[PDB]
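Here we start with a single chain on its own, the form deposited without pentabromopseudilin, put down as structure tokens.
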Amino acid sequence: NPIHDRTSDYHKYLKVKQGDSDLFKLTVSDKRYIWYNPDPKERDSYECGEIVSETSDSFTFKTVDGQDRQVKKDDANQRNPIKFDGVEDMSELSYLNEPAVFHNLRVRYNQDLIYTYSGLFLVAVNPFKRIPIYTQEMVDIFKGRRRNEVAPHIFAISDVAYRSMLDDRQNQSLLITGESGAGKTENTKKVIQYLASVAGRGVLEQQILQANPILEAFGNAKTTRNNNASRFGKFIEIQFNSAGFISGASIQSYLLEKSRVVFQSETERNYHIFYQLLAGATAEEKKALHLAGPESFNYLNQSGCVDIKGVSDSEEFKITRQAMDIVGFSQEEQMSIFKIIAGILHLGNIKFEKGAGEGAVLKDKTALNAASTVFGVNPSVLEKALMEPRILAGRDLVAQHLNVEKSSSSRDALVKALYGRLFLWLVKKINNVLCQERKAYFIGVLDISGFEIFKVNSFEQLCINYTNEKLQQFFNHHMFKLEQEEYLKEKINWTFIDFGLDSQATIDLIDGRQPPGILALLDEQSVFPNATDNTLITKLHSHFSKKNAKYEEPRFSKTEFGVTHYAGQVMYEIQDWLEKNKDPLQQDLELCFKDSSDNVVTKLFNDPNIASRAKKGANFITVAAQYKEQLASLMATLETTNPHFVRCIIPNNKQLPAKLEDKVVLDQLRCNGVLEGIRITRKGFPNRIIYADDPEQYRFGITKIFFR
């Protein structure tokens, strides 16, 4: 039994190491200790001080340099007896305070124990290095074990949800939270791994796992926060039959950050797939697609970074191609996929310049021709569609002649639409393959793009961060609000506790209905024919400045507004919001591509599930309305499941192992509600059954007995 055998890999990598006689002496000491701030300005840097005396309301303790200070007992953060250091579930701590919780995660992390319970949910602190705890033999150990029978692990909460699904006949969800780079995506993959192994009886299982490298190659990119940042969110339904065997899966994908295809900030990359193609293509792929190196392509040569530390793009391309094979994409489908990737790189190299008059011309047609060739479209039709698109003016049909900037933006709009529709097509193709059985039950794993702050935050960052704020609201509603409403509806002598975490004011600012929040005002300005980015920001300032406590009109800029999110204030730059929200694409460009000789390109443009834009009145649904609809669908789905939460925690902002930064971590423990979440578990009454069915508590409700 590896659990009990101190020499096992399980003990070695998932259990706290045996302490020594030196540590035993320290563990039986009668001394008592306190966590204090050497520097009072610096509330998250703590040292340990010995308590040397006390009065009825105070402690005097020594400082590290030896001096002595005094603190009111009411303000004191006591250090737990050290026997608690490394404890597996923090609800067991005698003293529950910020530096003690952090210290416990510190002890575990220092020994590469990244998983720790904090009551009913799991905390996972990213190691930023590989740790051998996800092998088949680890899986085998966890299979079927109750949570208190085994060490903290993502496998354990996965097993717990899987047994609840069987035992209760109820759909489950695993909600993995965290800011960008914290570990959501990696933990999500472990959940799927685990569920596929323990509920497996095996092609379908391979196809479920091989979905991932395809989605990541096209949907992930290096940002300044994560070398493998998810730029789309997803909810993965793992499907089971009444017997509990896996019977299929379905991937709900959420809006992709398609602006990254045409622009990346300094040090960032475009989507991985562009680098994988250029590094891994054969000699004949490269010639047939007219490819060169990333440096030759405007969409890859602007950020100054074309490589990621520790990643071989040609190796990843082999893995993406093998995943495509396993999932079932044909050889011609694959070649079409790569033609669309190459063609986008060619479109980006088109250089418009100013003609005799205001209208643009194309004097060098090399990149236009190369694109047209791989796309299987007519280069004259394409050129005309870029620079002289036809529109209605009243009912008249009028050929425009766009200037360089407008031609360039239309070219960029076409590229983003090609790439976003290709992505949707990939997901649709994958799903039809995994759609093999009607499900009896599902466990849904949610992996959103995590909370993110850049030097410049745009409309995509606001939607990301709102998603994160809603997810945090959901944790709060499940841990605190619904928990206490149950106590109240049952009358068990409970005084309501204000846990002081309420995202509602920030949610209403962003998405409120009356008064209108930011998104409703954005939609308003989006169908107002005279609107500009500047009238938009003036309208936000007029509604919220010095009226809404979560909004700030900054004095240092006329083009930014601040939103105080649960995870910190973010300043958003309003430039391009109206164009991003309307997401226009000239119809003459669609007509050009509907005519493509390529079977995949033709689907992207003729298949209404892919090509069609929904309507509202006589305007295309805006991106904000599409955002809202996706989020409201997710929230509706989660409400039909029993949720389990895993809070991923980033150790620092440099993507380095062995470097836990106190301020970085504590900010997350605070805005995640981790200590509040531990307290509700300690102070409350987690279990309750309609009557039927030594010691003390225990509580009798109007229809249930509740026990702590």
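The first residue of the sequence shown is number 1, and the count goes up from there.
There is another form of this protein, the form solved in complex with pentabromopseudilin, and it is not shown here; the text below is about that form.
294-302, 476-484, 592-600, 605-613: which one contacts pentabromopseudilin in the deposited complex at 4.5 Å, heavy atom to heavy atom? It is the stretch 605-613.
Whether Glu237 contacts pentabromopseudilin in the deposited complex should be assessed with a 4.5 Å heavy atom distance threshold; does it? Because no heavy atom of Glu237 falls inside 4.5 Å of pentabromopseudilin in the deposited complex, the answer is no.
Any non-hydrogen atom of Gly119 within 4.5 angstroms of pentabromopseudilin in the deposited complex: Answer no; every heavy atom of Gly119 is more than 4.5 Å from pentabromopseudilin in the deposited complex.
Since only the chain is shown here, I'm wondering whether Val527 would be in contact with pentabromopseudilin in the deposited complex (any heavy atom pair within 4.5 Å). Heavy-atom contact with pentabromopseudilin at 4.5 Å: absent for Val527.
Non-hydrogen atom contact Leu424 with pentabromopseudilin in the deposited complex at 4.5 angstroms: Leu424: yes, in contact with pentabromopseudilin in the deposited complex.
Looking at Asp85, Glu383, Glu573, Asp583, which is the one with a non-hydrogen atom within 4.5 Å of pentabromopseudilin in the deposited complex? Here the answer is residue option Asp583.
Among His565, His103, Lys258, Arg411, which has any heavy atom within 4.5 Å of pentabromopseudilin in the deposited complex? By the 4.5 Å heavy-atom cutoff, the listed residue in contact is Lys258.
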